[PDB]
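S.K.: Mind having a look at this structure? Questions to follow.
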Amino acid sequence: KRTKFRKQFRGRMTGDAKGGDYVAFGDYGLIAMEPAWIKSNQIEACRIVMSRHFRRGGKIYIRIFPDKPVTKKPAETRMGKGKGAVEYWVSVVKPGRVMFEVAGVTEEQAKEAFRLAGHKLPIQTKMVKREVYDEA
Amino acid sequence: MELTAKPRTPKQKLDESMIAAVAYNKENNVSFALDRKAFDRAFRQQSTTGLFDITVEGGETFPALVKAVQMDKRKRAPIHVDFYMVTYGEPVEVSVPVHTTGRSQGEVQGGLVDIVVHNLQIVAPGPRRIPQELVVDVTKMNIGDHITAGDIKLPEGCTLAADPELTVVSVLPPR
Amino acid sequence: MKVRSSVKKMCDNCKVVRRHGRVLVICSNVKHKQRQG
Amino acid sequence: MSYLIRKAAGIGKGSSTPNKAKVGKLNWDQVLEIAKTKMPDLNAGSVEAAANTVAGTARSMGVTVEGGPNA
RNA sequence: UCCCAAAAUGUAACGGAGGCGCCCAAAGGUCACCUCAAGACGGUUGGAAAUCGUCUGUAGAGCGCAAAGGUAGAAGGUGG
RNA sequence: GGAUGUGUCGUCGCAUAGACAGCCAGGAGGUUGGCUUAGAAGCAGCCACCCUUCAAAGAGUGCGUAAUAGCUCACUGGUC
């Protein structure tokens, strides 16, 4: 969710994935296919939903942590400088990236644990399976 | 896998379903360019622990091994491949996947067993006889049973490159 | 009748029809009677 | 069956953790009298039919079953 | 002094961070010499670190203050 | 985001030794499976999901009650 301590601010830019593996920590995983900002509350909205579906196992890996502070409008003005260090924290995701990947539970019993998680995401994803063997 | 071409220029393939790999050892690192589909259907099985027929256009069957494959992001599709020609008595080192069999005594119990490390690497495989898999006992494993390299029975010869006390699978607790 | 934007099956009956330009849903059960338009 | 079984092991209820905490165990001998009553309800081909049929019943009530074959 | 500044320089904003208006008869000139942080094992008030000792040790320390570059064949640490 | 709207490439698949959809008939015995409950008997929720017969019929699809019950499915044969 929210980081523990840091610097305080940032900026904005994009270009395709870079460190989003594939299989690892599980057999089934969910992959993001579009450039976006993933709100930390948009992850909970995913995890939590996923939990419910899984009556146990917790074999859910969320490997897209919010390494980013965004700001906002103190109400209107414009005559002041940097604003709202605290609007919210997001975690820039890029295509091919892997935010989710369950483990242990049946295909179907997974093709749903994701589907749902998809429904609260600002981007389109697609489920991936195996044959992932680069580095280890 | 009848790969025929092998030039720096791939216009004649990029449009036409054809992957593009390279092979070697220390002698010949013949430029290459095999067929999409084929490799695609191929590597699935033999994976990286499977040497296959490489008769390049002209007919010169060669023995190699799937070393490293780098596929496209966004599109699960593969783009490049490295074939490290087989050997005879020694290749280098190989990547062999860990597998389970028989219900574990932790599953029905109250928790689920987890495989801390999917594919495992052992020192010195042994060209001609390199484990195209690795089934492992899990049953015994209860509520916190971690198995390691110092456990897994190896195929007469093969030595474990992975540090021993390293957990390959444990049976994770419930919830 | 149900005019939803995201129409889809609801039980082993829903016969998703496509009448005049519209995507419809006809199931033995009526509360299943769907329709995008 | 469940009733007679309870009585026999002495079991008390049933179980919801028949995988964690089960309840007990008995011998085939008992299983004899059982079939020798449930018979008019045991469409069994010959014994074993009902000799093993009853296993599962005892096998999902949390009842560990004695002996059987071999050794 | 950093970042923004788009690998020369330069480059704005009520853009993002932080210091100065000193200090040192020596914290200087020169000439000699020593070399750090830290962990581990073992040791007295000690017992967390700290003192002594023994291994490891690009220095992960130090440089009067803010940061950056720089620096141990010393700009680091003593004495004439 | 939704969809038997078309076009073209790929994957399983399952199959004249006669499938799919349709049709007549069947449908199991233990068991109201154990557990939990004011009770819940293939269908509110824990645990499993074995036995027997058979050509067959899975402790089980969904609908239904306060549970019943009742209605069909998966598995079975003929007719094409």
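Each Cβ is built from the backbone N, Cα and C atoms, and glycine gets one as well.
Among the features that Swiss-Prot reports, Zn(2+) binding site is placed at C:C11, C:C14, C:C27, C:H32.
Could you place the listed features in the three-dimensional structure?
M.R.: According to DSSP, C:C11 (Zn(2+) binding site) is assigned to coil rather than to any helix or strand.
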S.K.: So for C:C27 (Zn(2+) binding site), how many other CB atoms are inside 10 Å of its CB?
M.R.: 17
S.K.: An 8 Å radius from the center of the C:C11, C:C14, C:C27, C:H32 Cβ atoms defines the neighbourhood of the Zn(2+) site; name the other residues of that chain inside it, in order.
M.R.: C:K9, C:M10, C:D12, C:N13, C:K15, C:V25, C:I26, C:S28, C:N29, C:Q34
S.K.: Looking at the binding-site residues C:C11, C:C14, which sits with the largest number of other Cβ atoms within 10 Å of its Cβ?
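M.R.: The residue with the densest Cβ neighbourhood is C:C14.
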